[PDB]
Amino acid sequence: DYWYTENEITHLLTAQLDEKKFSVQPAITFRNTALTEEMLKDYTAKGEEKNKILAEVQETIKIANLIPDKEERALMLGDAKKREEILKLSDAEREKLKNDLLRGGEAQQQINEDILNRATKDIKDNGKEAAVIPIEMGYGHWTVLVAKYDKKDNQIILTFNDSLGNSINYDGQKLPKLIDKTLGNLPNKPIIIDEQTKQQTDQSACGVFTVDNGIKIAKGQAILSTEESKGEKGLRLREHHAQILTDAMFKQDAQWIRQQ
């Protein structure tokens, strides 16, 4: 509603960036939950180990019901109930479910690398002066990474910002780990510039500033400082974004307009 989806971010960026000079990449997305061997026992535990887990799930349901915050309660309870359903499946189906989960996670990390590499190919081989990559650090936690290339020094430079005021190391250095996995073998290590500019602490505003930061960084212009970001700037940007959207795609203007 208030929260931007990748669809708007991509359109807003494309609409405000010369495609001959700038390439807008599809989003790099990270899960915010870690996969653990213990979590997977929901799929692999059999016999008594399985019975013990089903037992704890059923107890959780009984307690999760009591969580005082209504929104938090619904989330924890819904997930416990889902877990109960999973534990009730056949061993064979729990196994397929686990494999689906692992397949998706593997796809996600390979696709994330491919986007970083494509962005790098764009600025290094295809004449683009910037590649803009929207980065989702978690559900709706939109941030931006802009890739540029100094040919004279054969040097890749990546510029990041998180409008909420987190560093690029947010959530266990997942993004720097990706960058180094993908590009840490280049003749010259990628230089990382973290703008670390807190702009607005509403998670609703992440997509608004992701767009504005990406555009500005792409063009070599200073992003909106903490000072300029105060007040109704997030609103004005959002209104402005709805106009740009309206000047083509009406349904996404209406989305950005909703309250939440």
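Numbering starts at 1 and follows the sequence shown.
When the C-alpha temperature factors are averaged for each of 67-75 and 163-171, which stretch ends up with the higher value in the entry? Higher mean C-alpha B-factor: 67-75.
Which is higher on mean Cα B factor in this entry, 46-54 or 200-208? The stretch with the larger average C-alpha B-factor is 46-54.
Taking the Cα B-factors listed in the entry, which of 176, 134, 184, 105 comes out highest? The record points to 184.
Please place residue 41 in the lowest, middle or highest third of its chain by C-alpha B factor as given in the entry. Its C-alpha B-factor belongs to the middle third of this chain's values.
Name the third of the chain's ranked CA B-factors that contains residue 126, choosing lowest, middle or highest. It falls in the top third of the chain.
Lowest, middle or highest third: which one holds residue 150 when the chain's residues are ordered by CA B-factor from the entry? Ranked within chain, residue 150 CA B lands in the highest tercile.
Where the record places residue 112 (Cα B-factor, split into thirds across the chain): Its C-alpha B-factor, which the entry lists for residue 112, ranks in the lowest third among residues of this chain.
Comparing against every modelled residue in the chain, figure out the third that the C-alpha B-factor of residue 229 lands in (lowest, middle or highest). Its C-alpha B-factor, which the entry lists for residue 229, ranks in the middle third among residues of this chain.
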